[PDB]
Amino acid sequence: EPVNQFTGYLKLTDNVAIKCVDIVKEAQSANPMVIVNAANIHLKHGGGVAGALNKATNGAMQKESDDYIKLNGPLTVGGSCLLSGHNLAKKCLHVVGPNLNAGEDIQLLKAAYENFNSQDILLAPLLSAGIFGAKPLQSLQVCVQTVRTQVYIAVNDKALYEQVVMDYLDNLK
């Protein structure tokens, strides 16, 4: 019943925190009010983070998303829609980052991350990671520059996490 039980994070900024953990396991531990999905414009929740979140909801996320698409049509790259979080969180903010492997512009990560500013506290993966083709360190940099609300980033990437920690240490004054 208590929500937003975030713990074990490294606060890169007063806004952005990071933890090396699987996002589905982290949603179970933290009970977030909002989880971000790394969606495509058609809300076809397969592969990567979207497939993992949809599977955790036993396909309830996909059923609701299919209803949303039938009534409202697809999203735009850089856009988002707020839907149920099902058993992962109260709400799911489906955000579409650019797919560099589809030739979409990496700069659309600024518009994509700006959607995070519509919720106060969020659990999120890094956008455009996996086969979306953006280097996760670059996605994290856009996140730090753009997000103004409280975002808790879950990464299942030891190489990335350790480099982020080293960058944090180098930036200490």
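The first residue of the sequence shown is number 1, and the count goes up from there.
Novice: On mean C-alpha B-factor from the PDB entry, just flag whether 118-126 or 66-74 is the higher one.
Specialist: Higher mean C-alpha B-factor: 66-74.
Novice: Between 136-144 and 22-30, which has the larger average Cα B-factor in the PDB entry?
Specialist: Comparing 136-144 with 22-30, the higher average CA B-factor belongs to 22-30.
Novice: Which of these has the highest Cα B-factor in the record: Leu53, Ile41, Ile106, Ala112?
Specialist: The record points to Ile106.
Novice: Taking only the Cα B-factors deposited for this chain, tell me whether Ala102 sits in the lowest, middle or highest third.
Specialist: Ranked within chain, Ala102 CA B lands in the highest tercile.
Novice: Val36: which third of its chain by C-alpha temperature factor?
Specialist: Lowest third.
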